[PDB]
Amino acid sequence: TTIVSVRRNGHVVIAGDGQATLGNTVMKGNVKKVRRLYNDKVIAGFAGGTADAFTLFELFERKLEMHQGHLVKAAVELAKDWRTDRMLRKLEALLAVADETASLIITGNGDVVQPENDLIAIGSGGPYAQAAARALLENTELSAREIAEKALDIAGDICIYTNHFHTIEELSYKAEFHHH
Amino acid sequence: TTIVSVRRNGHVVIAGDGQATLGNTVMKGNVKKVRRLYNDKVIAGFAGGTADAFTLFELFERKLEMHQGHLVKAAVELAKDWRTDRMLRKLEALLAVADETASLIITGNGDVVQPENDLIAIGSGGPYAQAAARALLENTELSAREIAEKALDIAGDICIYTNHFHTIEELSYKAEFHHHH
Amino acid sequence: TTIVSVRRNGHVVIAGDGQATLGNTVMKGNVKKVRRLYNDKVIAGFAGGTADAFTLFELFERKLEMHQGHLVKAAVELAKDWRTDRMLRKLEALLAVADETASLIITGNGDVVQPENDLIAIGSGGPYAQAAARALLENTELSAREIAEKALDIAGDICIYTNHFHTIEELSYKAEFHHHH
Amino acid sequence: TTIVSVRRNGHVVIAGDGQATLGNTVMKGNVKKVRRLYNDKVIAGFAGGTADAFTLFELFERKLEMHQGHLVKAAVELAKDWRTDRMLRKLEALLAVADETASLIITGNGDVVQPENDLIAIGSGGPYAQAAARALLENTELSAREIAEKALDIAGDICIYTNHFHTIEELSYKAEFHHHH
Amino acid sequence: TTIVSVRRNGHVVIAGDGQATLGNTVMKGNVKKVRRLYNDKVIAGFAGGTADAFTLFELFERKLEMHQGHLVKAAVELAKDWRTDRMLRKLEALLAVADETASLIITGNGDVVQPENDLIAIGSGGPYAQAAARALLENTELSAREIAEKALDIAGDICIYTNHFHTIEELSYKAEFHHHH
Amino acid sequence: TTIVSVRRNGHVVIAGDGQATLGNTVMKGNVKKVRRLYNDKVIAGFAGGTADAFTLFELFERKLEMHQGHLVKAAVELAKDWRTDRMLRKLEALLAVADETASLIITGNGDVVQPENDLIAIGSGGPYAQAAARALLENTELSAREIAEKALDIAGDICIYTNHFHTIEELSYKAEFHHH
Amino acid sequence: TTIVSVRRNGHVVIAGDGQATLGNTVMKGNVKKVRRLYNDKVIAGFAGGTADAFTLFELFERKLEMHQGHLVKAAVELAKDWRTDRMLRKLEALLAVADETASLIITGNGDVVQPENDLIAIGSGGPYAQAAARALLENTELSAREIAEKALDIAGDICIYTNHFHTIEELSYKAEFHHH
Amino acid sequence: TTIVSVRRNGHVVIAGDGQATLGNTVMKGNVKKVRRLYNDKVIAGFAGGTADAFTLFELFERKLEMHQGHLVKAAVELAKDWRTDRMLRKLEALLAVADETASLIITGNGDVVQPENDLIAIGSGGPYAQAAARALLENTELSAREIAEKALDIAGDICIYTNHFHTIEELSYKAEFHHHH
Amino acid sequence: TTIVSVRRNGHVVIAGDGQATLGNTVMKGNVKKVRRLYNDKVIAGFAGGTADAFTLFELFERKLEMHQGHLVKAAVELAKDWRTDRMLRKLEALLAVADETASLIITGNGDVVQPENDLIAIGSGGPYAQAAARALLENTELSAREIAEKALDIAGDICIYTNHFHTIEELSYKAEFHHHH
Amino acid sequence: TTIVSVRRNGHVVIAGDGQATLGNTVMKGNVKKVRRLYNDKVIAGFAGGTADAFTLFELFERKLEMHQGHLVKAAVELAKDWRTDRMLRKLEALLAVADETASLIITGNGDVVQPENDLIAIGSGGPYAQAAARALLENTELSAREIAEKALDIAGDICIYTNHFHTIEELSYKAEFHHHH
Amino acid sequence: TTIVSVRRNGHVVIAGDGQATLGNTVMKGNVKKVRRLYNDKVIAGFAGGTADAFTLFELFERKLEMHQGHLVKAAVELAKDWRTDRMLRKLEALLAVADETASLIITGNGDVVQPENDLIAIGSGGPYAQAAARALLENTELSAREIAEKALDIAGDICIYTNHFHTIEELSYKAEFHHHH
């Protein structure tokens, strides 16, 4: 499992593979690890098992409406409850979330984090992709999209636990407004 | 324990062995791991111990009537409660369910899944069978039945934890065919 | 790493992938795990690291000329020395060898084995491929080649440790197949 | 600890040893592991510690009267509560129960099971006795009694954790055997 | 892997299954674990891997001719060298040997043993079979053959590591009988 | 720690040492491991730590009055609660209890047991003492007292974890009643 | 496995059971663990596996003739080589040896020991038997034989790993010499 | 992660790095581990994960207003609740807090501590920095600031888990320093 | 951490070091582990972390006033609540307490103990000190003070976890003496 | 096992207990752990098993005559060979040796050491005795003898692994003590 | 155990503590870990046990004369033989060596190293001292001596395994200075 995010110009993206590895056998390989929340305003990607993710995303989206649209806080409030009540302390995963606002990793442990460049790379191959992505983003242009794609690809070429099937979600936000 | 499912033309099947392995001794070897729910409309197979299964199947079938016959949903609602209340969080198993609608694995963990081809292979030998099955389904015709049977056989030939005694349930619903000449 | 062998009509084949997995990172993925010995008369496939293999293949090929072309014996003599002198007792791998004569797995442990059908399936994915292969070979024709290929493919689709890059070697030993287009 | 059950003609029996092993020292060796419930209509044997057993037997016998005399159900209802509420989830043991109705293993895990022949063999030596018993029951007649006894004896001869002191309970439910001296 | 031996009237037998289990996958299941030595005078069964066995059987048979036909001795001398020189100290297995003379287990460890009744039961299932066998041999007649067969069957029914495919070798030498009337 | 019990003629005894071993250092060596309950009618010995013991003995003595003087049951009821509620499931020890009625080991695990001869031998050296005791009781007379003493002595001579300081409690019950 | 030795008046004895326990299954139960060396002059008992024992007994008996009949030294020289050359360092067991001279435990580790009373108790049940034996030997007479027997019996009654089948060897040495 | 504090003349400082190490990969490296509470009167630094910290800082700042401005007490009351209710017993971290009043380490374990010199050195590198810091503070003057900086730098040069990105907060509470150029 | 107590003539003392060891680094080394309660009538020493200690001392001192001045009792009542309510069951430490009445160790586990000579030696070095102390107290006179000091010194000389900085509290109450001539 | 040494005026002593502890059972308790070498000129004590000791003492005494009577060197040369050739590298123990010359601990590891005061305290209880001994030697006179005895006694009172049976060897090397009754 | 080295102006120093820690008890605490070789021209410090050190120092000093006075080389040649012949491969330690030439750590592993500033800090506390030392050397002047002393002090203040008793050896060789005014 591997997921990335990038922010270039007016585009932020989250992209993950879909390999359902188990033990040493792929049980499935097209899981949508990336999806969107709060009516197409905020994107996210989770690492782990669909359930916990869903429970979290919901709860998080709850904390979302419960704070209007302040991503940061919604996330924060969530991370709290998560690394709080004994129950949630059981569900484990990692959530990459982003929107016009910003991007942030949320771990079950209790850690809400804005990476060093809205460059979220997580999962088994996170490091690998990160590197690639980074490299690109550093020594080249291309789009958030292209890069993520690119890196997220390479990831799986190295980390066995990664798929190659790309679920992606990107939202542009160039507030181009022509008065006539 | 191993269980498969397939869907070819107008036939979907679920087939499992019956080996009651314990530690390293077979206590029994004719357990019906596959059965049918909601008055012969939906089939299922569970992996694990009869009890939990029964508790789940019932609860699931409750969530079933409680949504008419929308398999997906019923399953979804179930997986919820399962990977929800601390109590159910104790019963562990895997449920392979199918019908005209579709087929889906339901884990206790909280995971409702449509495999990559309504090809459900679970249990110790799941991977093995899957392979065989797949292979067949790929490079040959035959029936959902034949295939499942075939694979589910091979499974036990390799995975010690698998039986060879085949409990099967298949439901047809729009029997197709594809003959050439 | 996964390697298969099959024997159908006048064709015996050995085919393996090429994934150089390490820890949880692929360092390379095009290793030729399958090759031929004794001047294109005997084929083999090894599971593990190039070196040990080479050491073994050579020593084995030595025990080969040292017994003319009696595959069985060459293999037997080898497995002995292997699971014998302290030194060799360190190099570990698995050797799938075949020719007109037959096919046999050679383990470092000290085991020379003719599988249940000259159907050699070894490696992380061995079981998987075996299954598929088997299934094919059972419920269909096709060639030793097609099957191995097919299975060895499927293998990697399931076992992460398997590559998909196919190194194959097949030797025919009778026939004169024709083609009418 | 080892316990068996058999059903031959009109006789079902449960027999266990009495070795109170602990660590690697026998603290006692005459524990009655087999007993009867519901006013001499149903027999049972437990594997483990007197307490949990008693707690279970009682609760089970409660679920018993609470369903008249339908052994199966009583057992089922019990296994549920057992592999249900956190509390019971702690008491661990195995219950071999039988009567005119049938015989069934009840595990704390959540598993109510009718063995392959009303041949219940449980405990450290269970497998061993099962074997012997089985063998007898297969290639000979004798009584449920004789067999159980026999097997349950042999058990201890092999499994150190087994006693040799036989607590047995058998209930007949038809017949009128005679004797001409 | 499981192997038995029995001696009734004028017949001593050695019988073993043929399951080539590895890890948790059967690589083969028709290995001849039982065979005969010294020109059809002495039988044996080995537990483990064909190679080591062969090395031992040969060496043992060497120690055999080297002592005429005194099984005991040959065996003794063998066990010596086996649990002696560092090299042999690596090959591990168990040898069940018998003939007119007697029957004896030979372990690599250095142990030549006459079981408690020329009833050799070894291998994963050894204990199981033993039991059954014993039981038979105790509470019934039948032949060394029938018994062994019977037991060796049951074995695999319980011990997953056992095959069911029976390789047997029995030698008669003063065929008795005991009929009553 | 080691404790024994014996029953000969009209005398039942419980005797234990007093070694407070810890790690590999004796912190104390005169702990009274044996004592009496229910107003000098029932004796007992515990193995382990004074606290848990006290909690148990009390609770047990509670279950005692709560059943008049039926040792067996009191014990049984106790063993239940002990190997029952999560809380008690934490306190661990072994209780040797006896009286006119009988003698019985009660473990936390959930096990109430009448040994093979009202010969209770428990603790690190239990086995050892048992043996000796047994031997005596088998091939000689002497008193319950003498034997226990004897054995309980030997125990410590072998098991390092045993003390040699003997706390003993014996109750006779020969209902000798002269009518005049 | 359990073996004892005793020395009373002019009789020294070694006695062991014969249980061939393995894992948790008795493979055999009549192994002769006790035997005699150097032409019926010295007795011994081994704990473990027949082979190693034989190798040792032989080597030891070699070191025996190689020192005339000085048990002690023979034993000592042996224990050396045993807990010496890498090879022997692999064979593990315990040897109880005795004769007119004395009695002594020899471990592979490198330890030749005369117990506290020519009372050798070794093996799984050694401690147990020891106790019993001791007890007897302490508070009663009877013979070395009777006691060993007795104790060695009790042993198996407690230690599951012990058999009950008694192989015994006792040598008397009362140099009663009547001049006529 | 590493954090220091010093008190020299009228200046107390808290400074930490910003390395977000995980496993053996830096996920981020600019985390503000040091911050200020109770309206710029009290400073603090936490070791660990942002969340728990925040939960604690808040609760502590609650216990702060709830005792006016008596740092010591606020801290004490906090450490209590922390190493008290089961819930808080889960959040783990270390809090370095200081102000005009004093400086004190607060551990989840239940320990409120004033170091040996208002010289708080905590975190993976704490010991290292402490040393350096100490050494400076001992054999030289410079400012609390310069020292912390200096040491906290050196820290990362040695402890891989330390960043080098310095988040610092210093509060003076007397003086009027001048400068003649 | 190490603490001692002694009682000679009319003087009882409690003395402990002050090493704040953590992992393998001293974070502080002047912690007052010994202090006095109930208005200079009762002394005590705790082993562990200041917090828990304080919680206990207070609660204990509460149980103190709540029983006038009967040390024993107060202690007993305390040990109860301590090794009682789940909450307190978390705070762990050891309390050495003494006064005119007597001296007693109180563990969280639930254990109130009068050592073998009002000679309380606890903590990492407890055993060591005890020894020395004992030795002195045995083969010499000197004062409770001197001895404690002496021993408590030696302790740190051996046990790395011990400080050398001595916090002591001694209360006289009927000052004896024993001079000869 | 515990052994001490002291040097006071013209007397150096080595004293050890005799507890043959094994696992958790004393197999013997009168082993002479202390003895004398080189014709009553040098004393020593070993910690461990009689054999290795003897091997060492001999070899050391060889290195002794091989250097006349220079204890230090003999010891040094020994420790070398000991922590040198693979073989000796297996025998493990500790040797306390002394004479007119001096006293020194010799470990198998490769360490020849003169303690801080010719006060050798080794063995499980070494630390304990050391303490006591020390304390005596510090705050009192008495003889090397009395002290060792005293301490070595106390040792066993605390360390279970220590005996109480005292084997002692003391050599004087000046003086002419008198006694007026 | 901790040892440092520094080089300032015309002075290079090596300084180590003297704590003989064992398990968790100091057996001695005045071991001279630092000493000089090749007739007062080269200094060194070893970490570990006196023996091995001595063996090495000698052998190294042999390799020293055997190359005149080229420290580097001598060291190199030594490290070779050390991390070479199986025998030396057993003695383990660390050698800090210096002289006019330079300073270098020599590990048994096979590693001759010039630290980043002739600032050798090794041993348990090595890191700690290094830090301090470094800090000094960085933000202050003072002498190689003062610094080492200072740091090597601090070390033991933190690392329990360090002594405080300072054995030092410094050699001047072109005494510089740098005064300003």
# chains A, B, ... in the order shown; residues from 1 in each chain; ligands from 1
>>> calpha_fit_rmsd(fixed="chain C", moving="chain B")
2.2 Å
>>> calpha_fit_and_write(fixed="chain F", moving="chain A", output="compact mmCIF listing (two decimals) with C-alpha atoms, in the first residue's frame")
# COMPACT_ATOMS: atom_id res chain seq x y z
CA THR A 1 7.56 -21.21 50.22
CA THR A 2 6.22 -24.60 51.19
CA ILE A 3 3.24 -25.82 53.14
CA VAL A 4 1.91 -29.16 54.23
CA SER A 5 -1.09 -30.74 55.86
CA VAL A 6 -1.78 -34.11 57.22
CA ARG A 7 -4.60 -35.99 58.94
CA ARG A 8 -3.83 -38.84 61.33
CA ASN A 9 -6.26 -40.14 63.89
CA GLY A 10 -7.90 -37.08 65.40
CA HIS A 11 -5.43 -34.48 64.25
CA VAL A 12 -5.21 -32.42 61.09
CA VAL A 13 -2.30 -30.03 60.63
CA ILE A 14 -1.11 -27.29 58.34
CA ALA A 15 2.52 -26.17 58.46
CA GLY A 16 4.55 -23.80 56.35
CA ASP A 17 7.93 -22.14 56.40
CA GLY A 18 8.53 -18.38 56.37
CA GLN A 19 11.04 -17.49 53.70
CA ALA A 20 10.42 -14.21 51.95
CA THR A 21 12.48 -14.82 48.93
CA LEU A 22 12.63 -12.16 46.21
CA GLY A 23 14.61 -12.46 42.98
CA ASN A 24 17.51 -14.24 44.68
CA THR A 25 17.63 -12.41 47.99
CA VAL A 26 15.73 -13.17 51.15
CA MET A 27 14.00 -9.99 52.21
CA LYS A 28 12.48 -11.62 55.32
CA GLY A 29 12.32 -15.13 56.81
CA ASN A 30 9.59 -15.53 59.41
CA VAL A 31 6.38 -14.85 57.58
CA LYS A 32 3.40 -16.65 59.06
CA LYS A 33 2.05 -18.44 56.02
CA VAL A 34 -0.26 -20.61 58.07
CA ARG A 35 -3.13 -19.31 60.19
CA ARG A 36 -6.64 -20.06 61.39
CA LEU A 37 -10.08 -18.86 60.32
CA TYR A 38 -13.70 -18.94 61.50
CA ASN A 39 -13.02 -18.79 65.24
CA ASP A 40 -10.53 -21.64 65.62
CA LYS A 41 -12.56 -24.18 63.73
CA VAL A 42 -10.86 -24.11 60.32
CA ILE A 43 -7.17 -23.87 59.51
CA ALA A 44 -5.50 -22.72 56.33
CA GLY A 45 -2.20 -21.97 54.71
CA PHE A 46 -1.59 -19.74 51.73
CA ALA A 47 1.21 -19.61 49.25
CA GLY A 48 2.26 -16.25 47.96
CA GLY A 49 1.81 -12.73 49.22
CA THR A 50 0.14 -11.83 52.51
CA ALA A 51 -2.25 -9.35 50.87
CA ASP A 52 -4.04 -11.44 48.27
CA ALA A 53 -4.15 -14.15 50.90
CA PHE A 54 -5.87 -11.86 53.37
CA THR A 55 -8.34 -10.65 50.78
CA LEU A 56 -9.14 -14.27 49.93
CA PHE A 57 -9.25 -15.63 53.43
CA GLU A 58 -11.64 -12.85 54.36
CA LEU A 59 -13.86 -13.32 51.32
CA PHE A 60 -13.67 -17.06 51.86
CA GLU A 61 -14.52 -16.71 55.51
CA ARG A 62 -17.40 -14.54 54.34
CA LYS A 63 -18.60 -17.36 52.07
CA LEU A 64 -17.95 -19.49 55.18
CA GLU A 65 -20.42 -17.89 57.59
CA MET A 66 -22.68 -17.59 54.53
CA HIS A 67 -22.96 -21.40 54.52
CA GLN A 68 -22.76 -22.11 58.24
CA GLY A 69 -19.67 -24.34 58.46
CA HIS A 70 -19.70 -26.43 55.32
CA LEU A 71 -16.02 -26.05 54.46
CA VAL A 72 -16.35 -27.68 51.07
CA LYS A 73 -18.96 -25.34 49.80
CA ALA A 74 -17.48 -22.23 51.37
CA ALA A 75 -14.35 -23.16 49.48
CA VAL A 76 -16.24 -23.88 46.31
CA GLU A 77 -18.22 -20.64 46.38
CA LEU A 78 -14.95 -18.84 46.93
CA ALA A 79 -13.02 -20.53 44.10
CA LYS A 80 -15.89 -19.43 41.91
CA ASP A 81 -15.73 -15.71 42.65
CA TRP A 82 -11.96 -15.96 42.58
CA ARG A 83 -11.62 -17.54 39.14
CA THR A 84 -14.56 -15.34 38.21
CA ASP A 85 -14.69 -11.52 38.44
CA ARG A 86 -11.90 -9.89 36.46
CA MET A 87 -10.60 -8.22 39.64
CA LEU A 88 -9.99 -11.33 41.71
CA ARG A 89 -8.57 -12.95 38.56
CA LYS A 90 -5.51 -10.80 39.32
CA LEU A 91 -4.76 -11.89 42.88
CA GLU A 92 -2.94 -15.16 42.61
CA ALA A 93 -2.06 -17.69 45.36
CA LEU A 94 -2.96 -21.17 46.64
CA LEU A 95 -4.95 -21.93 49.72
CA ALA A 96 -4.72 -25.05 51.74
CA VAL A 97 -7.67 -25.28 54.02
CA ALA A 98 -8.80 -27.95 56.43
CA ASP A 99 -10.91 -28.73 59.53
CA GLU A 100 -12.96 -31.59 61.00
CA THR A 101 -14.76 -31.62 57.67
CA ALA A 102 -11.82 -32.13 55.28
CA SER A 103 -8.89 -30.47 53.56
CA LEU A 104 -8.68 -28.73 50.20
CA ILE A 105 -6.41 -26.80 47.88
CA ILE A 106 -7.98 -23.83 46.26
CA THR A 107 -6.21 -22.26 43.37
CA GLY A 108 -6.95 -18.90 41.80
CA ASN A 109 -7.19 -20.55 38.41
CA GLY A 110 -10.43 -22.11 39.57
CA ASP A 111 -9.80 -25.51 41.16
CA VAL A 112 -10.94 -26.73 44.53
CA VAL A 113 -9.23 -29.99 45.29
CA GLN A 114 -9.11 -32.63 47.93
CA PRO A 115 -5.68 -34.19 47.56
CA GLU A 116 -5.14 -37.88 47.52
CA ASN A 117 -4.95 -38.20 51.31
CA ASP A 118 -5.75 -34.89 52.99
CA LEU A 119 -2.02 -34.68 52.37
CA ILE A 120 -1.65 -31.17 51.08
CA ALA A 121 1.76 -30.25 49.90
CA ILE A 122 2.05 -27.05 48.02
CA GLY A 123 4.54 -24.35 47.21
CA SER A 124 7.96 -24.48 45.60
CA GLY A 125 8.88 -27.41 47.78
CA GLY A 126 5.39 -28.92 47.98
CA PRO A 127 6.41 -31.90 45.85
CA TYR A 128 9.49 -32.56 47.99
CA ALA A 129 7.70 -32.37 51.33
CA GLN A 130 4.84 -34.40 49.89
CA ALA A 131 7.25 -37.13 49.09
CA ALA A 132 8.83 -37.18 52.53
CA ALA A 133 5.57 -36.77 54.33
CA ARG A 134 4.09 -39.47 52.19
CA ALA A 135 6.99 -41.77 52.83
CA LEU A 136 6.59 -41.30 56.52
CA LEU A 137 2.87 -41.58 56.57
CA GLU A 138 3.33 -44.73 54.46
CA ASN A 139 6.10 -46.63 56.18
CA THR A 140 5.71 -45.33 59.72
CA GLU A 141 3.37 -43.92 62.33
CA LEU A 142 4.37 -40.84 64.31
CA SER A 143 1.92 -37.96 64.38
CA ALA A 144 0.44 -35.77 61.73
CA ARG A 145 2.43 -33.12 63.55
CA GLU A 146 5.79 -34.95 63.62
CA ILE A 147 5.50 -35.88 59.95
CA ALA A 148 4.55 -32.44 58.70
CA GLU A 149 7.31 -30.98 60.82
CA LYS A 150 9.71 -33.51 59.59
CA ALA A 151 8.84 -33.17 55.95
CA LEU A 152 8.45 -29.40 56.05
CA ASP A 153 11.95 -29.38 57.46
CA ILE A 154 13.49 -31.55 54.78
CA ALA A 155 11.77 -29.40 52.24
CA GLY A 156 13.89 -26.36 53.01
CA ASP A 157 16.98 -28.55 53.15
CA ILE A 158 16.42 -29.08 49.45
CA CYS A 159 14.36 -26.24 48.04
CA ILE A 160 16.31 -23.03 48.48
CA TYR A 161 13.12 -21.05 48.38
CA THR A 162 12.10 -22.65 51.64
CA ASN A 163 12.79 -21.30 55.10
CA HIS A 164 12.98 -23.82 58.03
CA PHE A 165 11.15 -21.49 60.41
CA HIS A 166 7.95 -23.49 61.11
CA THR A 167 4.60 -21.85 61.65
CA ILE A 168 2.19 -24.68 62.52
CA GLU A 169 -1.47 -25.05 63.42
CA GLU A 170 -3.05 -28.38 64.33
CA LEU A 171 -6.54 -29.08 65.56
CA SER A 172 -7.56 -32.31 67.26
CA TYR A 173 -11.18 -33.41 67.16
CA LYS A 174 -11.48 -36.71 69.01
CA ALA A 175 -15.06 -36.21 70.25
CA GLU A 176 -14.25 -38.02 73.52
CA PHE A 177 -17.38 -37.55 75.60
CA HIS A 178 -17.70 -39.13 79.04
CA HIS A 179 -21.20 -39.38 80.49
CA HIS A 180 -20.98 -39.49 84.31
>>> closest_atom_pairs(of="chain K", to="chain J", cutoff="6 Å", atoms="only C-alpha atoms", output="Markdown table")
| residue | atom | partner | partner_atom | distance |
| --- | --- | --- | --- | --- |
| K:28 | CA | J:116 | CA | 5.6 |
| K:49 | CA | J:111 | CA | 5.8 |
| K:51 | CA | J:111 | CA | 5.4 |
>>> select_by_dssp(residues="chain C", states="strand (DSSP E)", output="VMD selection string")
chain C and resid 2 to 8 11 to 16 19 to 22 25 to 29 34 to 37 42 to 47 94 to 98 103 to 107 111 to 113 121 to 123 167 to 172
>>> write_last_selection(atoms="C-alpha atoms", output="mmCIF file, in the first residue's frame")
data_model
loop_
_atom_site.group_PDB
_atom_site.id
_atom_site.type_symbol
_atom_site.label_atom_id
_atom_site.label_comp_id
_atom_site.auth_asym_id
_atom_site.auth_seq_id
_atom_site.Cartn_x
_atom_site.Cartn_y
_atom_site.Cartn_z
ATOM 1 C CA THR C 2 8.954 -19.511 -8.586
ATOM 2 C CA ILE C 3 9.842 -22.258 -11.020
ATOM 3 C CA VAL C 4 7.866 -24.909 -12.885
ATOM 4 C CA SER C 5 8.406 -27.892 -15.061
ATOM 5 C CA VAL C 6 6.068 -30.002 -17.123
ATOM 6 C CA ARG C 7 6.287 -32.933 -19.487
ATOM 7 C CA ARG C 8 3.708 -33.331 -22.231
ATOM 8 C CA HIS C 11 8.375 -31.744 -24.542
ATOM 9 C CA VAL C 12 9.757 -31.094 -21.046
ATOM 10 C CA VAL C 13 10.027 -27.493 -19.833
ATOM 11 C CA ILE C 14 11.466 -25.514 -16.944
ATOM 12 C CA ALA C 15 10.349 -21.912 -16.433
ATOM 13 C CA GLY C 16 10.979 -19.427 -13.657
ATOM 14 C CA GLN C 19 12.301 -11.200 -9.207
ATOM 15 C CA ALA C 20 15.226 -10.243 -7.027
ATOM 16 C CA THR C 21 13.356 -9.526 -3.894
ATOM 17 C CA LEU C 22 15.251 -8.538 -0.755
ATOM 18 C CA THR C 25 12.377 -4.255 -1.904
ATOM 19 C CA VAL C 26 13.055 -5.626 -5.377
ATOM 20 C CA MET C 27 16.687 -5.095 -6.093
ATOM 21 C CA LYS C 28 16.432 -6.552 -9.612
ATOM 22 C CA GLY C 29 13.777 -8.324 -11.653
ATOM 23 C CA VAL C 34 16.407 -21.311 -15.425
ATOM 24 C CA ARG C 35 19.247 -22.518 -17.625
ATOM 25 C CA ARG C 36 20.686 -25.550 -19.353
ATOM 26 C CA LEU C 37 23.577 -27.885 -18.549
ATOM 27 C CA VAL C 42 19.673 -31.380 -19.559
ATOM 28 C CA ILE C 43 17.741 -28.399 -18.241
ATOM 29 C CA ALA C 44 17.505 -27.061 -14.745
ATOM 30 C CA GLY C 45 16.163 -24.281 -12.612
ATOM 31 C CA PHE C 46 17.445 -23.200 -9.229
ATOM 32 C CA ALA C 47 15.721 -21.381 -6.445
ATOM 33 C CA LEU C 94 16.655 -26.059 -4.707
ATOM 34 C CA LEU C 95 17.394 -27.540 -8.077
ATOM 35 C CA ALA C 96 14.794 -28.554 -10.580
ATOM 36 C CA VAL C 97 16.445 -30.681 -13.216
ATOM 37 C CA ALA C 98 15.038 -32.597 -16.169
ATOM 38 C CA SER C 103 12.800 -34.530 -13.814
ATOM 39 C CA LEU C 104 13.867 -34.147 -10.203
ATOM 40 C CA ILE C 105 14.027 -31.706 -7.330
ATOM 41 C CA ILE C 106 17.266 -31.633 -5.472
ATOM 42 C CA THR C 107 17.305 -29.972 -2.076
ATOM 43 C CA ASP C 111 16.503 -35.137 -0.961
ATOM 44 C CA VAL C 112 16.390 -36.010 -4.620
ATOM 45 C CA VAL C 113 12.808 -36.172 -5.725
ATOM 46 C CA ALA C 121 6.686 -26.487 -8.838
ATOM 47 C CA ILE C 122 9.073 -24.905 -6.398
ATOM 48 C CA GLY C 123 9.763 -21.520 -4.928
ATOM 49 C CA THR C 167 12.933 -17.290 -18.508
ATOM 50 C CA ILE C 168 12.018 -20.600 -20.143
ATOM 51 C CA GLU C 169 13.855 -23.564 -21.563
ATOM 52 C CA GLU C 170 12.072 -26.469 -23.263
ATOM 53 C CA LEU C 171 13.555 -29.462 -25.011
ATOM 54 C CA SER C 172 11.566 -31.696 -27.368
#
>>> select_by_dssp(residues="stretch 15-177 of chain H", states="helix (DSSP H, G or I)", output="PyMOL selection string")
chain H and resi 38-40+50-65+71-82+88-90+126-139+144-158
>>> atom_distance(atom1="atom CA of residue C:82", atom2="atom CA of residue C:56")
8.1 Å
>>> residues_around(residues="residue E:74", least_positions_apart="2", cutoff="10 Å", atoms="only C-alpha atoms", output="VMD selection string")
chain E and resid 59 to 72 76 to 80
